Amino acid sequence: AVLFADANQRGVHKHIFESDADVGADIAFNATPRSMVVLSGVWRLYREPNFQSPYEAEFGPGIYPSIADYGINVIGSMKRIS
Amino acid sequence: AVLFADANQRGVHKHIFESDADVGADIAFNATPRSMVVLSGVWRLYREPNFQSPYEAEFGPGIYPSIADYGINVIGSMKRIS
Amino acid sequence: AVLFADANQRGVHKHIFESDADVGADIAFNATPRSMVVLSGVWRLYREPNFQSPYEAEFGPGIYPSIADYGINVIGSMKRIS
Ligand SMILES: [Fe+2]
């Protein structure tokens, strides 16, 4: 997956491989993600680090130009569930 | 596709998924692209935002270390056509 | 392949396509890499530019959260050998 700081896949970005227990700990991505591309698999997003406080919406492959539309504000962590 | 600020796939880079109607709206990519990698599909590049004023050259998968050679100095938008 | 400035796939990153005879030539990759993801192919890493002074370790697809564990500090160049 790829996270983007701004909507419509703009701004600084961050590559996710299988999972990230602490998205906010990356110094090169000092931003809350505002859009997302899922390349393969189905993913669960979490408000907090270490896979706590999951969002209800799960994300299969696709382009998500404004994840705030899905209720997503902060992504503390995320992982492939299938 | 991937755009790069410098020739030969160096400098800040920008990932394009399917299309970008406004490359220049990306503040994190404050540069004219000078090289490009196409990973899949064939792409059309445009001088202006919103898929207007296309360049004639179309780009299939490959590594393009100096897109100025193709007469491309600014990319206002781009999209996968196949 | 993807090079990361920080361990555990964090920090500024750099995409490698088939090979790079001079990794250090990239002004935007302002650091010695500490982790790497190989997406496809098997890669040889070198201490010097232009594929001189190879490391003995060869890297197939996978996630390598600390390449120092493999005795790798500087990557002057790298290329696929398959
Ligand atoms: Fe990237």
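Chain A is the first sequence line, chain B the second, and so forth, proteins listed ahead of strands; every chain is numbered from 1. Reckoned from all heavy atoms, side chains included, excluding hydrogens, waters and symmetry mates.
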Quiz item: Is A:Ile63 atom CD1 crowded by more than 12 heavy atoms from other residues, nucleotides or ligands, each under 6.0 Å away?
Solution: yes
Quiz item: Is the closest side-chain heavy-atom distance between A:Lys14 and C:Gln9 below 4.5 Å?
Solution: no
Quiz item: Checking A:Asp22 against chain C: side chain, backbone, both or neither under 4.5 Å from a heavy atom?
Solution: both
Quiz item: Side chain of A:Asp26, backbone of C:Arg10: donor and acceptor closer than 3.5 Å?
Solution: no
Quiz item: CG of C:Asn8 to CZ of A:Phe17: how many Å apart, nearest 0.5 Å?
Solution: 12.5 Å
Practice problem: Please lay out, stage by stage, how C:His15 and A:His15 fare under the test side chain to side chain contact (heavy atoms under 4.5 Å, CB included). | Solution: CA-CA 11 Å; C:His15 298 277; A:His15 298 276; 3.2 Å; yes
Quiz item: What pairs with A:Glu48 under side-chain hydrogen bond (donor to acceptor under 3.5 Å, both in side chains), at least two apart in sequence or on another chain?
Solution: A:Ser53
Self-check item: C:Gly11 to A:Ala28 - nearest heavy-atom pair and separation
Solution: C-CB, 3.4 Å
